[PDB]
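First comes one chain, alone, set out as structure tokens in the form deposited in one PDB entry.
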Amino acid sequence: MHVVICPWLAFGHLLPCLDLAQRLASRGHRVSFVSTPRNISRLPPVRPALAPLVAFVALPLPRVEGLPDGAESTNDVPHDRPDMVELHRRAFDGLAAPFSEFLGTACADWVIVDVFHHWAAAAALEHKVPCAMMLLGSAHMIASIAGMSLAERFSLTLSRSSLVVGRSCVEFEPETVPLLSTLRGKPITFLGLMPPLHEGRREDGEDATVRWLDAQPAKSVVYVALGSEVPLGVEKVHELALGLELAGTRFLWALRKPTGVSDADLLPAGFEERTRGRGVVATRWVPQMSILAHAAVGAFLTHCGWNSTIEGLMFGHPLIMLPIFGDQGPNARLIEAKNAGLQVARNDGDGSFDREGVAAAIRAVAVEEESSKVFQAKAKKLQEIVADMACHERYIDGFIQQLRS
């Protein structure tokens, strides 16, 4: 088959979609991976053996008064500047005509589009190509669901699609998957957890963060990362920093800068001096797979993005969960229900957190002997399912069979 894949302009969508493209191309299918040129330039290279089976289709973002050049992804357009988010959604919707012209002569058997690709589902109808909507989260997230707002883009895309695709399996969510047939009349299929192939990410294993981990004792380091895009304002960065200090563990922290905050204001006065040698903060993209694979990392403090949830559990890390938006609440509650992590306590009213809730969550999951040992044993049980790479490949074969029918 020829499959056209159109991910949302966001690295938590681009990365698993490129992995999927390569898994289809491995079974002898052809893929057109459609995105914007700077997003494509920042992706890991395709295995040379799949090179002619994964065609990159670069559609340049239309210039929209005030959207900076190169600002192509949710990693470049900050959630704390909603004016710029809106400008980015306009640029995205401007891909409609270049995309419809491309699909016309693509000889596509299937279009696989992301949640906001309402124009791509419409092109699919125009050119009579079956259209699958990617909803590459948990069964629990999909059960919860069962210009324009995100809700209207989603509903329009869903209305124009014939198939909805989730990233889970009955083995991980036996209580939800057998209950699901359709999302608003559209058949649901699960292509498995599709945990990333470590090699496929092509990270630097000489990265300074990994060389720091090499000097730490086994299971001693709390890895802290909130994915590629969720906002965390400076007051909340300070509370997370002071929480990490109060719990007293070693930590490696991948931190994104809130817009308009200087290097001097970023972190509490003297925080880096007081934690020097015990903790490292990196305000750059880190090799998350090499970090989670490392013997020194014990617990993962995660925003519970679905990629970070799968990646954390596939290496048997118990989770300290700080969900920010979207599917992260459901993802966090799902893992808490399996006893493999604990949410940071939140105020009902604003959803805020403080240093003490952060510290208490780290202590219970990573420090207190009795609780920490239960969290590790429960994360290990989840790893048996999440890291069953053969099982997940069989789910990709199952999804390809769903598409031929």
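Basically, rigid core = biggest C-alpha set you can superpose within 1.5 Å across the two forms. Start at 1 with the first residue shown and count on from there.
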Exercise. How about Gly248: is it missing from at least a third of the other entries compared?
Worked result: no
Exercise. Would you say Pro174 goes unmodelled in a third or more of the other compared entries?
Worked result: no
Problem set entry | Unmodelled deposited residues between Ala146 and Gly147, binned | 10 or more
Problem set entry | Selected stretch [higher average CA B-factor]: 194 to 202 or 136 to 144 | 194 to 202
Seminar exercise, completed: Mean Cα B-factor check, 222 to 230 vs 181 to 189, entry values; winner is 181 to 189
For this session: Specify which of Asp327, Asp83, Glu239, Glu173 carries the largest Cα B factor in the deposited PDB entry.
Result: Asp83
Problem set entry | Ranked C-alpha temperature factor of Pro44 among modelled chain residues, by third | middle
For this session: Looking at the entry's B-factor column for C-alpha atoms only, identify whether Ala106 ranks in the lowest, middle or highest third of its chain.
Result: highest
For this session: Place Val374 in the lowest, middle or highest third of its chain's C-alpha B-factors, as listed in the PDB entry.
Result: highest
Problem set entry | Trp212 - which third its CA temperature factor falls in, relative to the rest of the chain | highest
Exercise. Would the CA B-factor of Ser32 place it in the lowest, middle or highest third of its chain?
Worked result: middle
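The protein also exists as the form deposited in another entry; that form is not presented, and the subsequent description refers to it.
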Exercise. In a superposition on the rigid core, which residue from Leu183, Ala293, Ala71, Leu103 has a CA displacement reaching 2 Å or more between the shown form and the other one?
Worked result: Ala293
Exercise. Does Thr283 move its CA by 2 angstroms or more between the shown form and the other one when the core is aligned?
Worked result: yes
Exercise. With both forms fit on the core, is the shift of the CA atom of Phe172 between the shown form and the other one 2 Å or larger?
Worked result: no
For this session: Return yes or no for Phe353: a CA shift of at least 2 Å between the shown form and the other one, with the rigid core superposed?
Result: yes
For this session: Work out the direction of the Cα-Cα change for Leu43 and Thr259 in that other deposited form: closer or farther than in this form? It's 3 angstroms or more.
Result: closer
Seminar exercise, completed: Shown form as baseline, in that other deposited form, CA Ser228-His140 shift of 3 Å or more puts them farther
